[PDB]
Amino acid sequence: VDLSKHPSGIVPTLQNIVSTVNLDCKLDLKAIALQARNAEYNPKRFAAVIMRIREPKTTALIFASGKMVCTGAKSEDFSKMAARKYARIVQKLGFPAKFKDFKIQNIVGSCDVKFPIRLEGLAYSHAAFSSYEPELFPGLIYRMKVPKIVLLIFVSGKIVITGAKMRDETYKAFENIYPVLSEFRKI
DNA sequence: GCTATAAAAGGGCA
DNA sequence: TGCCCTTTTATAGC
């Protein structure tokens, strides 16, 4: 790992990317669910057609408005690439599908500092950013202000970082928290 | 399973 | 007017 960009020497692994794009045309969801083999639509439950492709492994939520949500990709590039594949399927189904305003909405990453954490102590010292009700959920919820990112910290040293729109925010949030986890290493 | 977290889309309903 | 709901993903205890 480049110790210069990642001083901790640990790089969070990207696990999930959520993006949206505007197909810029109205869609007939019922016609889409009928023609598209790997597409499901239950309006009474959710007003979108749920469609999936194997590569990049992702799930799309396609709306009558032409707007679309892409989930599951492991990278921003994989997410765009997946979103484009769905736009072409929709095009080939007979709709004038474009690719307007593609935007990465959320990036989810995770890593392991490989040492256990004293969550109770970190929670106490960082109370204005922490939420820890172990009887509820075993992880401490750390709502970082700069960058405005949320981290789920576990006793095992495993960390989830979410809410970023740029991978650098994910990286910086982790670099910020790293000395704090060290400060609260369970001995 | 399911507790929790972020985020987007849009229909239903209080 | 505005929350829930659906989907995804890591994490870990119920």
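We use all heavy atoms of the structure for the numbers below, so side chains are in, but hydrogens, waters and symmetry mates are not. Quick note on labels: first sequence line is chain A, next is B, and so on, each numbered from 1.
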Between A:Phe129 and A:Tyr142, how do the two ring planes meet: parallel, tilted or perpendicular, split at 30° and 60°?
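Judged by the thresholds at 30° and 60°, the geometry between A:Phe129 and A:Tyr142 is parallel.
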
| SB check A:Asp101 A:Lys67 (cutoff 4.0 Å) |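 A:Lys67 and A:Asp101: not salt-bridged.
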
Quiz item: Between A:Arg52 and A:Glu40, is there a salt bridge with N-O shorter than 4.0 Å?
Solution: yes

Would you mind reading off the distance between [X] atom [atom1] and [N] atom [atom2], rounded to a whole angstrom?
X        : N      : atom1 : atom2 : value
A:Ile149 : B:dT5  : CD1   : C1'   : 12 Å
A:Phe174 : B:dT5  : CZ    : P     : 22 Å
A:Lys165 : B:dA7  : NZ    : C1'   : 6 Å
A:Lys74  : C:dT9  : NZ    : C1'   : 6 Å
A:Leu14  : C:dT9  : CG    : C1'   : 11 Å
A:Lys158 : C:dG13 : NZ    : P     : 11 Å
A:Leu151 : C:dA12 : CG    : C1'   : 16 Å

Side-chain contact check for A:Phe63: nearest option of B:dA9, B:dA4, C:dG13 is B:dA9

Exercise. Compare the minimum distances between each of B:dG11, B:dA9, C:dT6 and the side chain of A:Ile50, then state the nucleotide with the smallest one.
Key: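 Selected nucleotide (nearest to the side chain): C:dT6.
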
### Query
Is there a stack between A:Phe154 and C:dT11, judged by ring centres under 5.5 Å and planes under 30°?
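So A:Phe154 does not count as stacking on the base.
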
With the stacking rule set at 5.5 Å and 30°, tell me whether A:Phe137 counts as stacking on B:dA4.
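The ring of A:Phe137 is stacked on B:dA4.
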
TODO: Examine the base of B:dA6 for any acceptor or donor lying under 3.5 Å from a partner atom in the side chain of A:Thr162, and report the outcome as yes or no.
DONE: yes

Side-chain N or O of [X] closer than 4.0 Å to phosphate OP1/OP2 of [N]:
X        : N      : result
A:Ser156 : C:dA12 : yes
A:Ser65  : B:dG10 : yes
A:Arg143 : B:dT5  : yes
A:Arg45  : B:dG12 : no
A:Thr59  : C:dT8  : yes

Exercise for review: Treating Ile, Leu, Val, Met, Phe, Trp and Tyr as nodes and any side-chain heavy-atom pair under 4.5 angstrom as an edge, say whether A:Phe115 and A:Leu140 lie in one connected cluster.
Suggested key: yes

task = List the atom of A:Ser19, the atom of A:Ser79, and the distance in Å for their closest heavy-atom pair.
result =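 Looking at all heavy atoms of both residues, the closest pair is OG-OG, 2.7 Å.
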
